[PDB]
RNA sequence: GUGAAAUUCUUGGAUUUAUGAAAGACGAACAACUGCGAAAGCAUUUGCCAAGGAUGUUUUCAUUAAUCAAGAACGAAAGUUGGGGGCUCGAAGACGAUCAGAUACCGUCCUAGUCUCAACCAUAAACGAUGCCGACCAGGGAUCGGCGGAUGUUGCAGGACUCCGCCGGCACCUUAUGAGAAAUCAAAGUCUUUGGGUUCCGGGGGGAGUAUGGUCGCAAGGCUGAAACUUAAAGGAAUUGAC
Ligand SMILES: [K+]
Ligand SMILES: [Mg+2]
Ligand SMILES: [Mg+2]
Ligand SMILES: [Mg+2]
Ligand SMILES: [Mg+2]
Ligand SMILES: [Mg+2]
Ligand SMILES: [Mg+2]
Ligand SMILES: [Mg+2]
Ligand SMILES: [Mg+2]
Ligand SMILES: [Mg+2]
Ligand SMILES: [Mg+2]
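Residue numbers (full-length UniProt numbering), protein chains in the order written: chain A, 1 to 86; chain B, 22 to 151; chain C, 23 to 235; chain D, 1 to 25; chain E, 2 to 150; chain F, 2 to 99.
Below is the structure:
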């Protein structure tokens, strides 16, 4: 790792930017995503933010899904998580 | 009776100037023999010397046999409080002679009065300059 | 030390194993110096190693109180339980967190007493961190747990059971294992107990915890 | 000479001058 | 760094490069507009309306789905608050500080923070006056400020 | 001429630190600047332990320790040989002895 | 109590031992090249009250900013005006001791003060002797706060521990290819190859932070602040000797 003389700033390695700060990447990108949380029962289509801040509910039993924390929302053990993307 | 030990309490108080050997009841409200290092010397500088404590310990050993005091609980202490806390020079000899003068020793503890946070120590902010 | 005075013998409470505790003096009868009133020394420091004949508990200290002088004996009772300076000075180590708690719980016998607990954080078996500290927001929860466990095991029947759970480490172990969800908390037990107030002599309840002498 | 004590001497001189000037207004 | 501190923190958000809303967003502009208007009716505010849209209703960014900012939408609908949100919250914080400091005359640390918050309030008010977002006769009166909030 | 990078004390990121009093002269010294030592010793030494062993009532009595944290001002510490004057290159050596 | 003594206390019981009550001050150990705060500064528990940094964010506004004459908040200790409190320590004062002398260093008793409430003062080696904002330029490990991931143990998802990474902070170690009079500095570097923005401020040593005027203060004092005259050196860093 002599210095950037060996790497190319234009085409940097695709995994080293998976670890840098989002602002400090070559092009700024969010670190979050949106996920459609599926409860144990029906009504499995609700969409929630990864770094959510509001305690979302469900139409059935209000089925508390996530708790807001300092980072990613604390999903419950009973709620299944899969992610939706662009 | 014999063998089974009757216990007194020796409140050794060894400062840098004197050395008190004070034998009391378990309560501490009584007193068997109280002799300082200054009684056994003719100069008020040698009171804290180990040999003065040696003599005083010999005398306490002689006194504490006639009343049946066959063992001692030693509570060694120093000036304590806001002043110096290490025991004085005569703290050890006074103990050692107790061992040598046919006297039994029970538990040994240190009861130097330590403050959680004391008043102002004397000498001033610059300290005792020599 | 005089040709006067009387050699009395103390009697530790029945709760311990050995009742004989040294000997004591008093003025015989001279004038207004009554022997019965003069023997209300009411304080005796013992190690609890002698009262149990086991040497590993020498760090403890028991403060007994002379309640009634009868039959050439003194018939003491519990008045406090403290620590020697050796153990306390040995425990406090650098690169460690010291947690101290205290409560003013009350028993059924109206024996107002104050209890103190002391605890220290424990390093894990695989620990490279050289400090093993805790955050104040955690030591506060530890202190709350200490206080609630103290008031839980207390606020119950007479002090007999309270000292029955003092010579062993029942409060200390319970606090130790009720806080492992926060920190390991090694070396937890009651530092000292201070009797804030005694109800009265009550004239007889003392004989319920003493043998036939 | 320590400058602290020189400052003290200057302060004494200043107060004495002030007193002398207040004497005659 | 911070205007009234020595901090140098850089934590913030990072908007995605893709300006178009994501494909899975199947909400029309009318629904988003009605939701925003209803929220503004319920006494909400643009910052705390955007988060409600982001979390409950799965709208990553209002400017993407509807093509315009929340404040512009409210102003076009005429539901916009008479005072900008940031100035409103600064005034609320200053009012709370003054209410607390009334009974604690020796708390000479909240007096300093009060001076700081009043300076921020005045700077923001001057800016909003320069851009005609406030009446030119507007003035921050400490005694009657609490009546505003 | 700045003899030391830290100024002879251990203060960074704070402005005030309460003092202590030297155990020999009772001179006020900042807590971080004072030379602090922790000495742990037997109450009775090797010449005494032998004579106190048999004098003890029971053999199970372990001999008690004593622990003391002492603080010294620079003058008392130097005069008592707690810390000596070191060479210019050895001054930076913060490694404790052994 | 002292290097040694005396001033002082004491058979009316000094010093010492045990129990208990009261008073005021102080928060040991834990305590760290650790934390917070604009600085001064801040260290027992618990409750309340408002505030704050950093982190997280696919929330919001849209240049709202940086530094700042004038003008303002806060500002250790000592000091001033009154009320309370008044343990310890202790300027002034007294006495003992040492000394050629001792209005000092050493002992003892002590006044203002040390603590607090309502007001004044506005200074410190108030120091990192290093103004604030911004960019870039070597490496390393440790640590504090937050977050992301992995991991396999806990008398118990989470907490404690281990490993990796990101942001923010206090520092530390090695080395110039840098700078510098050098000590030394990873900023005190990117400077005759001289220009990112902005505030304050120095012009040989004394006289002198003095005189006087102005102004704030009850005062002690603070801010602003010369001139005549005198002088060839004063000073910084390092080197070899001498002590
Ligand atoms: K030091
Ligand atoms: Mg933790
Ligand atoms: Mg020098
Ligand atoms: Mg800081
Ligand atoms: Mg300072
Ligand atoms: Mg403490
Ligand atoms: Mg800390
Ligand atoms: Mg100004
Ligand atoms: Mg100045
Ligand atoms: Mg960390
Ligand atoms: Mg000049």
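The beta-carbon is built from N, C-alpha and C at its ideal position, and this holds for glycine as well.
**Message:** List, from N- to C-terminal side, the alpha helix (DSSP H) runs of 4 residues or more that fit wholly inside the region 32-86 of chain B.
**Reply:** Runs of the alpha helix (DSSP H) inside the region 32-86 of chain B: none found.
**Straight-line gap, residue 66 of chain C to residue 149 of chain B (C-alpha atoms, nearest Å)** = In a straight line, the C-alpha of residue 66 of chain C is about 41 Å away from that of residue 149 of chain B.
**Request:** Could you tell me if the beta carbon of residue 21 of chain A falls within a distance shorter than 7 Å of some heavy atom in ligand 5?
**Result:** Checking the 7 Å criterion, the Cβ of residue 21 of chain A is out of range of every heavy atom belonging to ligand 5.
**Message:** Taking 7 Å as the cut-off, is the beta-carbon of residue 13 of chain F closer than that to any non-hydrogen atom of ligand 5?
**Reply:** Residue 13 of chain F Cβ: outside cutoff for every heavy atom of ligand 5.
**Request:** Count the other CB atoms, across all protein chains shown, that sit within 10 Å of the CB of residue 101 of chain C; report buried if there are 16 or more and exposed otherwise.
**Result:** Here residue 101 of chain C is buried: its Cβ has 16 or more other Cβ atoms, across all protein chains shown, within 10 Å.
**Contacts that residue 66 of chain F makes with chain C (C-beta to C-beta distance below 7 Å)** = The answer, in chain order, is 108 and 112.
**Prompt:** Within 8 Å (strictly less), CB to CB, does residue 52 of chain E reach chain A?
**Reply:** Closer than 8 Å to the CB of residue 52 of chain E there is at least one CB belonging to chain A.
**Request:** With 9 Å as the C-beta to C-beta threshold (strictly closer), list the residues of the region 31-61 of chain E near chain A in chain order.
**Result:** If you check each beta-carbon in the region 31-61 of chain E against every beta-carbon of chain A, the ones closer than 9 Å belong to 52, 53, 55, 56, 57, 58, 59 and 61.
**Message:** Assuming the contact rule is C-beta atoms closer than 8 Å, residue 33 of chain E and residue 67 of chain E should be a hit. Round their C-beta distance to whole Å, please.
**Reply:** The pair is a contact, with the Cβ atoms about 5 Å apart (cut-off 8 Å).
**Message:** So that I know if they touch, is there some Cβ in chain C lying closer than 8 Å to that of residue 14 of chain F?
**Reply:** Not an interface residue.
**Message:** Please give the ranges of any alpha helix (DSSP H) in the region 183-217 of chain C, keeping only runs that are unbroken, at least 4 residues long and fully inside the region.
**Reply:** Within the region 183-217 of chain C, the complete alpha helix (DSSP H) runs of at least 4 residues are 192-200.
**Prompt:** In this structure, does DSSP put residue 60 of chain C in helix, strand or coil?
**Reply:** When secondary structure is reduced to three states using DSSP, residue 60 of chain C falls in the helix class.
**Alpha carbon of residue 58 of chain F to alpha carbon of residue 53 of chain B, nearest angstrom** = Spanning the two alpha carbons is a distance of roughly 20 Å.
**Request:** Using a threshold of 8 Å, state whether the C-beta atoms of residue 37 of chain C and residue 185 of chain C are closer than that.
**Result:** Yes. Within cutoff.
**Request:** Kindly say whether residue 20 of chain F, judged by its beta-carbon, lies nearer than 8 Å to any beta-carbon of chain C.
**Result:** No, no contact with chain C.
**Message:** Please enumerate, following chain order, all residues with a beta carbon closer than 7 Å to at least one heavy atom belonging to ligand 5.
**Reply:** Going by the Cβ distance cut-off, the answer is F/16 and F/17.
**Message:** Among the candidates F/83, F/70 and F/80, whose CA atom is the shortest distance from the CA of residue 21 of chain F?
**Reply:** Nearest Cα to residue 21 of chain F within the set F/83, F/70 and F/80: F/70.
**Prompt:** Taking C-beta to C-beta, are residue 62 of chain B and residue 101 of chain B nearer than 8 Å?
**Reply:** Not closer than 8 Å, so no.
**Prompt:** On the three-pair Cβ rule with 8 Å, is the region 65-81 of chain A touching the region 84-96 of chain E?
**Reply:** With a cut-off of 8 Å, the region 84-96 of chain E and the region 65-81 of chain A do not count as touching, because too few Cβ pairs lie within range.
**Within chain A, the residues that residue 19 of chain E reaches when beta carbons sit closer than 7 Å** = Those within 7 Å of residue 19 of chain E in chain A are 86.
**Under 7 Å from the C-beta of residue 65 of chain C: neighbouring residues of chain B** = Correct list: 48.
**Message:** Between residue 64 of chain A and chain E, is the shortest Cβ-Cβ distance under 8 Å, so that the two count as touching?
**Reply:** For residue 64 of chain A, the answer is no, since every Cβ of chain E falls outside 8 Å of its Cβ.
**Request:** State whether the region 187-203 of chain C contacts the region 49-65 of chain C, with contact taken as three or more CB pairs (one from each stretch) at a distance under 8 Å.
**Result:** Judged by pairs of C-beta atoms under 8 Å, the region 187-203 of chain C does not touch the region 49-65 of chain C, as fewer than three such pairs exist.
**Request:** Alpha carbon to alpha carbon, how far is residue 82 of chain B from residue 119 of chain B? Give it in angstroms, no decimals.
**Result:** Pairing residue 119 of chain B with residue 82 of chain B, the inter-Cα distance amounts to about 7 Å.
**Item:** Members of the region 57-84 of chain B that neighbour chain F once the beta carbon cut-off is set at 8 Å
**Value:** Under the 8 Å Cβ criterion, the region 57-84 of chain B contributes no residue.
**Message:** Strictly under 8 Å for the Cβ-Cβ distance: is residue 53 of chain A near chain E by that measure?
**Reply:** Residue contact with chain E for residue 53 of chain A: present (Cβ-Cβ distance below 8 Å to some residue of chain E).
**Prompt:** Buried or exposed: residue 47 of chain C, going by 16 or more other Cβ atoms within 10 Å of its Cβ?
**Reply:** Residue 47 of chain C is buried by the Cβ-count criterion.
**Prompt:** Based on Cα-Cα distance, which residue from F/42, F/23, F/46 and F/67 lies nearest to residue 36 of chain F?
**Reply:** When each option's Cα is compared against that of residue 36 of chain F, the closest is F/23.
**Prompt:** Taking Cβ positions, are residue 125 of chain B and residue 56 of chain F nearer each other than 8 Å?
**Reply:** Yes, the pair counts as a contact, with Cβ atoms nearer than the cut-off.
**Message:** Taking 8 Å as the threshold (beta carbon to beta carbon), is residue 11 of chain E in contact with chain A?
**Reply:** So yes, residue 11 of chain E belongs to the interface.
**Asked** Is it buried or exposed for residue 19 of chain A, if we count other Cβ within 10 angstroms and need 16 for buried?
**Response** Label assigned to residue 19 of chain A: exposed.
**Prompt:** What number of angstroms, rounded off, separates the C-alpha of residue 130 of chain E from the C-alpha of residue 163 of chain C?
**Reply:** So the alpha carbons of these two residues sit roughly 50 Å apart.
**Message:** When you compare the region 157-174 of chain C with the region 105-125 of chain C, are there three or more beta-carbon pairs, one atom per stretch, that lie closer than 8 Å?
**Reply:** Between the region 157-174 of chain C and the region 105-125 of chain C, the count of Cβ pairs shorter than 8 Å is three or higher; the stretches touch.
**Request:** Drop a sphere of 10 angstroms on the beta-carbon of residue 28 of chain F, count the other beta-carbons inside from all chains shown, and report buried for 16 or more, exposed for fewer.
**Result:** Around the Cβ of residue 28 of chain F, a 10 Å sphere holds 16 or more other Cβ atoms; the residue is buried.
**Prompt:** Three-state secondary structure (DSSP) at residue 98 of chain C?
**Reply:** It is a strand residue.
**Of the listed residues F/89, F/38, F/81 and F/25, nearest to residue 4 of chain F (C-alpha basis)** = When only C-alpha atoms are compared, the closest one is F/89.
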